[PDB]
Amino acid sequence: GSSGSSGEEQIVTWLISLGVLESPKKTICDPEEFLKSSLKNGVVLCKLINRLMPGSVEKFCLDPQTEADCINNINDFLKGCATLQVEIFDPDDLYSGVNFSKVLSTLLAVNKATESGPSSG
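As annotated in the PDB entry, the protein chain carries the name Rho guanine nucleotide exchange factor 6 and is attributed to Homo sapiens.

Structure representation (structure tokens):
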């Protein structure tokens, strides 16, 4: 079992390692839901890119109490993703939860682009 790095886990640990997501000591068996729900709000994504690149999000919602706030976050993040030129997704696929296969990927790429390759010089 557990043969092949799907991605969910990679993202769960990736975000945290950076310092945008919480680091729950407990293990998450079903990261698929924990993720979708985590990114749902959108504030988690806005902070992510912000760390990846200096000045990615002008201003996002830290504690969105209403929908209009949650959606605003997601969208923002996208504004920064356009810089990496990686697959994007709709604010409904994540907020509502219709298609996650795209949300997970969109992030997977960004993570690969960020990874520091050439160091010398």
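(A) The arrangement of the overall build of the protein chain in detail. Scanning the protein chain from terminus to terminus reveals six helices and zero strands. Computed over C-alpha atoms, the radius of gyration of the protein chain comes to 14 Å, within 12% of the 14 Å expected from 2.2 N^0.38 for 121 residues, which places it in the range of a compact globule. C-alpha extents for the protein chain along the principal axes are approximately 45 × 40 × 25 Å. Burial statistics for the protein chain: of 121 residues in total, 36% are counted as buried. Of the contacts formed within the protein chain by residues at least 6 apart in sequence, a portion of 55% connects residues at least 24 apart. Summing over all exposed atoms, the protein chain offers an accessible surface of approximately 7600 Å²; the carbon and sulfur share of this is 46%. In the protein chain, 10 positive and 16 negative side-chain charges are present, and the distance between their average locations comes to 6 Å.

(B) Layout of the packing of helix 2 (residues 31-41) against helix 6 (residues 100-114). Contact pair helix 2 / helix 6: the axes reach a minimum separation of 11 Å and the direction vectors enclose 75°. Taken as axis vectors, helix 2 and helix 6 run roughly perpendicular relative to one another. Listed contacts from helix 6 to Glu-32, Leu-35, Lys-36 and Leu-39 of helix 2 are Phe-100, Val-103, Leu-104 and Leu-107. Split by residue class, the contact of helix 2 with helix 6 holds six nonpolar, no polar and two charged.

(C) The arrangement of helix 6 in detail. Its 15 residues give helix 6 an end-to-end C-alpha distance of 21 Å, which sits within 8% of 21 Å, the value for a rise of 1.5 Å per residue. Of all the residues in helix 6, the buried ones are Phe-100, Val-103, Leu-104, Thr-106, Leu-107, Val-110 and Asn-111. One side of helix 6 holds all its buried residues, which, seen down the axis, span an arc of 160°. Exposed and facing more than 90 degrees away from the buried side of helix 6 are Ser-101 and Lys-112. On the buried face of helix 6, the contacting elements are helix 1 (8-18), helix 2, helix 3 (43-52), helix 4 (67-84) and helix 5 (91-95).

(D) Expanded view of the side chain of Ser-38. Along the chain, the position of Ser-38 falls in helix 2. A distance of 2.8 Å separates a polar side-chain atom of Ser-38 from the backbone oxygen of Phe-34. In contact with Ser-38, not counting residues within four places along its chain, are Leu-21 and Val-44.

(E) Inspection of the nonpolar core at higher detail. Core analysis: the largest hydrophobic core is formed by 28 residues, its most contacted members being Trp-14, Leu-15, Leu-39, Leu-48 and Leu-107. Broken down by secondary-structure element, the contributors of at least two residues to this core are helix 1, helix 2, helix 3, helix 4 and helix 6. Examining the composition of this core, we find that seven residues originate from one element, helix 3, more than from any other.

What counts and how
- Residues numbered from 1 in each chain as written, not as in the entry; some residues may be left out.
- Heavy atoms only, no water.
- Helix = DSSP H or I, 4+ residues; strand = E, 2+ residues; numbered from the N terminus.
- Rg over C-alpha atoms; globule rule 2.2 N^0.38 Å.
- Buried < 20%, exposed > 50% of the residue type's maximum accessible area, 1.4 Å probe, protein only.
- Contact = heavy atoms within 4.5 Å.
- Areas by Shrake-Rupley, 256 points an atom, 1.4 Å probe, with all protein chains shown as cover.
- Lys, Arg positive; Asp, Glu negative; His and termini not counted.
- Charge placed at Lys NZ, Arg CZ, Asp CG, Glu CD.
- Axes fitted to C-alpha atoms, helices over the stretch in contact; angles between N-to-C directions.
- Parallel < 35°, antiparallel > 145°, perpendicular 65-115°, else oblique.
- Nonpolar A, V, L, I, M, F, W, Y, C, P; charged D, E, K, R; others polar.
- Expected span 1.5 Å × (residues − 1).
- Arc of directions from axis to C-beta.
- Polar contact = N/O pair within 3.5 Å; in protein donor to acceptor, adjacent residues only side chain to side chain.
- Core = buried A, V, L, I, M, F, W, Y, C linked by side-chain atoms within 4.5 Å.

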